[PDB]
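Engineer: The following file, upload_2.pdb, comprises PDB, C-alpha atoms and all ligand atoms:
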ATOM      1  CA  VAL A   1       8.786  81.572  -7.441
ATOM      2  CA  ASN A   2       7.525  78.829  -5.064
ATOM      3  CA  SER A   3       5.336  75.642  -5.072
ATOM      4  CA  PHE A   4       2.279  77.064  -3.289
ATOM      5  CA  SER A   5      -0.805  76.813  -5.565
ATOM      6  CA  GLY A   6      -4.374  78.163  -5.512
ATOM      7  CA  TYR A   7      -3.796  80.894  -2.872
ATOM      8  CA  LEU A   8      -5.568  84.269  -2.871
ATOM      9  CA  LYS A   9      -3.112  87.162  -2.352
ATOM     10  CA  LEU A  10      -4.179  89.418   0.533
ATOM     11  CA  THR A  11      -1.089  91.643   0.742
ATOM     12  CA  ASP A  12       2.475  91.905  -0.537
ATOM     13  CA  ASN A  13       3.459  88.979   1.732
ATOM     14  CA  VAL A  14       0.310  87.193   2.997
ATOM     15  CA  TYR A  15      -1.613  84.564   1.012
ATOM     16  CA  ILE A  16      -4.642  82.461   2.025
ATOM     17  CA  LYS A  17      -6.339  79.252   0.878
ATOM     18  CA  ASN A  18      -9.137  76.977   2.044
ATOM     19  CA  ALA A  19      -7.058  73.856   2.764
ATOM     20  CA  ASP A  20      -6.366  70.973   5.157
ATOM     21  CA  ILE A  21      -2.919  71.975   6.477
ATOM     22  CA  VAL A  22      -1.728  68.336   6.689
ATOM     23  CA  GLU A  23      -2.761  67.747   3.049
ATOM     24  CA  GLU A  24      -1.083  70.995   1.998
ATOM     25  CA  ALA A  25       2.127  70.161   3.879
ATOM     26  CA  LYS A  26       2.155  66.638   2.380
ATOM     27  CA  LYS A  27       1.879  68.124  -1.152
ATOM     28  CA  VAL A  28       4.271  71.115  -0.864
ATOM     29  CA  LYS A  29       6.865  69.805   1.664
ATOM     30  CA  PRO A  30       7.477  73.389   2.715
ATOM     31  CA  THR A  31      10.698  74.397   4.467
ATOM     32  CA  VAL A  32       8.531  75.416   7.481
ATOM     33  CA  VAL A  33       5.060  74.310   8.627
ATOM     34  CA  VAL A  34       3.717  76.115  11.685
ATOM     35  CA  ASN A  35       1.989  74.142  14.429
ATOM     36  CA  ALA A  36      -0.677  75.669  16.696
ATOM     37  CA  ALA A  37       1.308  74.505  19.725
ATOM     38  CA  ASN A  38       0.712  74.792  23.485
ATOM     39  CA  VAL A  39       3.302  75.277  26.300
ATOM     40  CA  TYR A  40       3.712  71.525  27.025
ATOM     41  CA  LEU A  41       3.784  70.539  23.277
ATOM     42  CA  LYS A  42       0.841  68.090  23.802
ATOM     43  CA  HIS A  43      -0.493  67.637  20.222
ATOM     44  CA  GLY A  44      -3.889  66.141  21.151
ATOM     45  CA  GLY A  45      -6.437  68.330  19.336
ATOM     46  CA  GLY A  46      -6.885  71.092  16.750
ATOM     47  CA  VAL A  47      -3.966  71.733  14.392
ATOM     48  CA  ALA A  48      -1.446  70.054  16.746
ATOM     49  CA  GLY A  49      -3.502  66.852  16.906
ATOM     50  CA  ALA A  50      -3.940  66.615  13.130
ATOM     51  CA  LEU A  51      -0.268  67.361  12.337
ATOM     52  CA  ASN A  52       0.917  64.931  14.992
ATOM     53  CA  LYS A  53      -1.449  62.166  13.761
ATOM     54  CA  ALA A  54      -0.062  62.644  10.224
ATOM     55  CA  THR A  55       3.481  61.993  11.633
ATOM     56  CA  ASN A  56       2.285  58.702  13.247
ATOM     57  CA  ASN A  57       2.999  60.311  16.687
ATOM     58  CA  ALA A  58       6.692  60.986  15.866
ATOM     59  CA  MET A  59       6.047  64.716  16.437
ATOM     60  CA  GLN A  60       4.790  63.920  19.981
ATOM     61  CA  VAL A  61       7.765  61.653  20.742
ATOM     62  CA  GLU A  62      10.215  64.372  19.657
ATOM     63  CA  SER A  63       8.235  67.010  21.564
ATOM     64  CA  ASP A  64       8.232  65.011  24.796
ATOM     65  CA  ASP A  65      12.048  64.810  24.653
ATOM     66  CA  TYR A  66      12.210  68.591  23.950
ATOM     67  CA  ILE A  67      10.079  69.374  27.021
ATOM     68  CA  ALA A  68      11.957  66.929  29.252
ATOM     69  CA  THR A  69      15.185  68.797  28.367
ATOM     70  CA  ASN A  70      14.008  72.432  28.112
ATOM     71  CA  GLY A  71      10.747  72.746  30.029
ATOM     72  CA  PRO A  72       7.609  74.421  28.683
ATOM     73  CA  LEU A  73       7.489  77.159  26.074
ATOM     74  CA  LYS A  74       6.162  80.652  26.880
ATOM     75  CA  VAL A  75       2.756  81.792  25.617
ATOM     76  CA  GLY A  76       3.774  83.871  22.570
ATOM     77  CA  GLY A  77       6.938  81.785  22.122
ATOM     78  CA  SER A  78       8.092  79.071  19.765
ATOM     79  CA  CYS A  79      10.616  76.355  19.058
ATOM     80  CA  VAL A  80      11.894  74.797  15.849
ATOM     81  CA  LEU A  81      11.686  70.986  15.647
ATOM     82  CA  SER A  82      11.618  68.458  12.844
ATOM     83  CA  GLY A  83       8.918  68.614  10.191
ATOM     84  CA  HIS A  84       8.994  64.815   9.954
ATOM     85  CA  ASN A  85       7.159  63.670   6.800
ATOM     86  CA  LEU A  86       5.356  67.019   6.422
ATOM     87  CA  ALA A  87       8.057  69.689   6.032
ATOM     88  CA  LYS A  88      11.762  70.255   6.654
ATOM     89  CA  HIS A  89      11.007  71.969   9.961
ATOM     90  CA  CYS A  90       8.013  72.530  12.200
ATOM     91  CA  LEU A  91       7.817  75.888  13.958
ATOM     92  CA  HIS A  92       5.745  75.195  17.071
ATOM     93  CA  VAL A  93       4.153  78.555  17.979
ATOM     94  CA  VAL A  94       2.066  79.134  21.119
ATOM     95  CA  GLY A  95      -0.723  81.612  20.575
ATOM     96  CA  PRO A  96      -2.819  82.606  23.602
ATOM     97  CA  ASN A  97      -5.686  80.236  24.373
ATOM     98  CA  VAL A  98      -8.769  82.329  25.227
ATOM     99  CA  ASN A  99     -10.394  79.130  26.716
ATOM    100  CA  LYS A 100      -7.501  79.310  29.371
ATOM    101  CA  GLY A 101      -7.922  83.137  29.892
ATOM    102  CA  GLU A 102      -4.565  84.142  28.217
ATOM    103  CA  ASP A 103      -3.949  87.775  27.121
ATOM    104  CA  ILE A 104      -4.914  88.210  23.436
ATOM    105  CA  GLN A 105      -2.158  90.952  23.151
ATOM    106  CA  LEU A 106       0.222  87.945  23.199
ATOM    107  CA  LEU A 107      -1.074  87.088  19.708
ATOM    108  CA  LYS A 108       1.208  89.726  18.160
ATOM    109  CA  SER A 109       4.228  88.269  20.025
ATOM    110  CA  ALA A 110       3.239  84.795  18.713
ATOM    111  CA  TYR A 111       3.143  86.008  15.099
ATOM    112  CA  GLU A 112       6.518  87.761  15.481
ATOM    113  CA  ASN A 113       8.116  84.276  15.522
ATOM    114  CA  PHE A 114       7.153  83.911  11.853
ATOM    115  CA  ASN A 115       9.562  86.759  10.944
ATOM    116  CA  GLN A 116      12.528  84.433  11.654
ATOM    117  CA  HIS A 117      11.587  82.342   8.563
ATOM    118  CA  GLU A 118      11.518  83.607   4.987
ATOM    119  CA  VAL A 119       8.556  81.414   3.885
ATOM    120  CA  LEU A 120       6.011  79.479   6.019
ATOM    121  CA  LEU A 121       2.849  77.400   5.682
ATOM    122  CA  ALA A 122       0.712  78.246   8.720
ATOM    123  CA  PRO A 123      -2.712  78.190  10.349
ATOM    124  CA  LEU A 124      -4.282  81.267  11.888
ATOM    125  CA  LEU A 125      -2.851  81.473  15.403
ATOM    126  CA  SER A 126      -5.226  81.264  18.337
ATOM    127  CA  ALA A 127      -8.133  80.290  16.014
ATOM    128  CA  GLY A 128     -10.179  77.092  16.312
ATOM    129  CA  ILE A 129     -10.089  75.495  19.758
ATOM    130  CA  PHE A 130      -7.793  78.315  21.038
ATOM    131  CA  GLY A 131     -10.929  80.481  21.108
ATOM    132  CA  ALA A 132      -9.849  83.738  19.439
ATOM    133  CA  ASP A 133     -11.739  85.510  16.642
ATOM    134  CA  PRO A 134     -10.089  84.321  13.380
ATOM    135  CA  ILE A 135     -10.842  87.705  11.733
ATOM    136  CA  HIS A 136      -8.741  89.325  14.453
ATOM    137  CA  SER A 137      -6.019  86.688  14.058
ATOM    138  CA  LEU A 138      -5.782  87.414  10.311
ATOM    139  CA  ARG A 139      -5.528  91.170  10.975
ATOM    140  CA  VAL A 140      -2.696  90.648  13.515
ATOM    141  CA  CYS A 141      -0.963  88.320  11.045
ATOM    142  CA  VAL A 142      -1.060  90.879   8.225
ATOM    143  CA  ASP A 143       0.063  93.690  10.532
ATOM    144  CA  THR A 144       2.909  91.665  12.180
ATOM    145  CA  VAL A 145       4.381  89.136   9.730
ATOM    146  CA  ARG A 146       6.723  90.616   7.136
ATOM    147  CA  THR A 147       7.989  87.307   5.697
ATOM    148  CA  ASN A 148       5.983  85.320   3.180
ATOM    149  CA  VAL A 149       3.180  83.406   4.847
ATOM    150  CA  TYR A 150       0.774  80.970   3.199
ATOM    151  CA  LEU A 151      -2.267  80.552   5.456
ATOM    152  CA  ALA A 152      -4.341  77.414   5.308
ATOM    153  CA  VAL A 153      -7.914  77.779   6.745
ATOM    154  CA  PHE A 154      -9.767  74.505   7.430
ATOM    155  CA  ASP A 155     -13.386  75.706   7.276
ATOM    156  CA  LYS A 156     -14.683  76.740   3.849
ATOM    157  CA  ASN A 157     -17.337  78.859   5.520
ATOM    158  CA  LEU A 158     -14.694  80.658   7.627
ATOM    159  CA  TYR A 159     -12.340  81.019   4.632
ATOM    160  CA  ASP A 160     -15.074  82.847   2.676
ATOM    161  CA  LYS A 161     -15.857  85.089   5.646
ATOM    162  CA  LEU A 162     -12.124  85.939   6.146
ATOM    163  CA  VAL A 163     -11.744  86.950   2.486
ATOM    164  CA  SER A 164     -15.064  88.847   2.239
ATOM    165  CA  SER A 165     -14.361  90.865   5.422
ATOM    166  CA  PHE A 166     -10.643  91.583   4.765
ATOM    167  CA  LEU A 167      -9.753  95.247   4.740
TER     168      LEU A 167
HETATM  169  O1  LIG B 201      -7.724  76.393  10.066
HETATM  170  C1  LIG B 201      -7.696  76.305  11.323
HETATM  171  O2  LIG B 201      -7.581  77.344  11.996
HETATM  172  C2  LIG B 201      -7.859  74.947  11.991
HETATM  173  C3  LIG B 201      -8.284  74.857  13.295
HETATM  174  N1  LIG B 201      -8.478  73.683  13.885
HETATM  175  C4  LIG B 201      -8.282  72.562  13.221
HETATM  176  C5  LIG B 201      -7.860  72.559  11.891
HETATM  177  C6  LIG B 201      -7.638  71.221  11.140
HETATM  178  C7  LIG B 201      -8.578  70.177  11.267
HETATM  179  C8  LIG B 201      -8.428  68.993  10.580
HETATM  180  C9  LIG B 201      -7.339  68.837   9.761
HETATM  181  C10 LIG B 201      -6.413  69.862   9.614
HETATM  182  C11 LIG B 201      -6.585  71.072  10.280
HETATM  183  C12 LIG B 201      -7.634  73.780  11.263
END
Please express the file's structure as structure tokens.
Ligand SMILES: O=C(O)c1cncc(-c2ccccc2)c1
Structural biologist:
Amino acid sequence: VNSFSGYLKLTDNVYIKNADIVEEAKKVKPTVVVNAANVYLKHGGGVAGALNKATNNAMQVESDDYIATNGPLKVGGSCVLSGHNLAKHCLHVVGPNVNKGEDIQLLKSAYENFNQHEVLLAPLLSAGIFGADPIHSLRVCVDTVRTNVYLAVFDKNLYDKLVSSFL
């Protein structure tokens, strides 16, 4: 049994809710919240900007030190950093950004990072300002992630379309 409330069950392991991921993280304090990260961990917009704002920029400060030591992530890669006031840990995952011309096949690689964590609160990778089709992102999620994932979708309209169209 876990804390997550109000989710629709899509599969054995994937759940979905119309929710503001910062507000959900603040309520649940999950072990892992996933950030929609980029290679230089610059949390300025989309999910990264909202999560970082909710940490009063502490996520960005920590991330800048991580990059100064380790260099950029790979597209499709991830790192584990603090969850600050939102979660125990933040899994920063880099989905491909279609608005930069990145290969959408890297979306499956991105989702594979979730399998290293038994339970996660996450957004749909590569959705929003990353430019991918969220319907496609949900399909890759269901077909790739085997651990228990609780998806928060910001737009009510999009949430209803994702559920109605789910095979
Ligand atoms: O649900 C998403 O895929 C999503 C994409 N871009 C931004 C957001 C967002 C926007 C404001 C607050 C918290 C999350 C969610």
Engineer: How would you report the residues lying within 6 Å of ligand LIG 201 (chain B), as a PyMOL selection string, if you count all atoms listed in the file?
Structural biologist: chain A and resi 20-22+46-47+50+123-124+127-128+152-154
Engineer: So that I can check the surroundings of residue 125 in chain A, please list as a list in words every protein, DNA and RNA residue that reaches within 9 Å of it, counting all atoms listed in the file and ignoring chain neighbours fewer than 4 positions away.
Structural biologist: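 Here the qualifying residues turn out to be residues 35, 36, 93, 94, 95, 96, 107, 110, 111, 130, 132, 134, 137, 138 and 141 of chain A.
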Engineer: If the PyMOL selection byres (((chain A and resi 13-18) around 8) and not hetatm) is run on the structure shown, which residues does it catch, given as a list in words?
Structural biologist: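 Given this file, the PyMOL selection byres (((chain A and resi 13-18) around 8) and not hetatm) evaluates to residues 6, 7, 8, 9, 10, 11, 12, 19, 20, 142, 146, 147, 148, 149, 150, 151, 152, 153, 154, 155, 156 and 159 of chain A.
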Engineer: Have a look at A:29, A:90, A:76, A:135 and name the one nearest to residue 164 in chain A; count only C-alpha atoms.
Structural biologist: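 Of A:29, A:90, A:76, A:135, the one nearest residue 164 in chain A is A:135, counting only C-alpha atoms.
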Engineer: So that I can see what lies close to residue 79 in chain A, please list as number ranges by chain the residues with an atom at most 9 Å from it, counting all atoms listed in the file and leaving out residues fewer than 2 positions away in the same chain.
Structural biologist: A: 73, 77, 81, 90-93
Engineer: Evaluating the PyMOL selection byres (((chain A and resi 88) around 8) and not hetatm) on the displayed file yields which residues, as a list in words?
Structural biologist: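 That selection, the PyMOL selection byres (((chain A and resi 88) around 8) and not hetatm), comes back as residues 29, 30, 31, 32, 82, 83, 84, 86, 87, 89 and 90 of chain A.
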Engineer: Tell me which of A:67, A:117, A:42, A:133 sits closest to residue 158 in chain A, counting all atoms listed in the file.
Structural biologist: A:133
Engineer: How many Å lie between CA of residue 100 in chain A and CA of residue 49 in chain A, rounded to one decimal?
Structural biologist: 18.1 Å
Engineer: Between A:129, A:139, A:102, A:115, which is the closest to residue 162 in chain A once you count only C-alpha atoms?
Structural biologist: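 Distance minimum relative to residue 162 in chain A lands on A:139.
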Engineer: From the set A:80, A:143, A:136, A:101, which residue has the shortest atom-to-atom contact distance to residue 116 in chain A, counting all atoms listed in the file?
Structural biologist: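 Closest residue, counting all atoms listed in the file: A:80.
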Engineer: Select, from A:63, A:85, A:109, A:144, the residue with the minimum atom-to-atom distance to residue 25 in chain A, counting all atoms listed in the file.
Structural biologist: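 Closest to residue 25 in chain A of all the choices is A:85.
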Engineer: Between CA of residue 113 in chain A and CA of residue 3 in chain A, what is the spacing in Å?
Structural biologist: 22.5 Å
Engineer: For the atom pair CA of residue 4 in chain A and CA of residue 165 in chain A, what is the interatomic distance in Å to one decimal place?
Structural biologist: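 About the pair CA of residue 4 in chain A and CA of residue 165 in chain A: they are 23.3 Å apart.
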Engineer: Of the residues A:103, A:24, A:160, A:62, which is the one nearest to residue 122 in chain A, using all atoms listed in the file?
Structural biologist: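 Among the listed residues, the smallest separation from residue 122 in chain A belongs to A:24.
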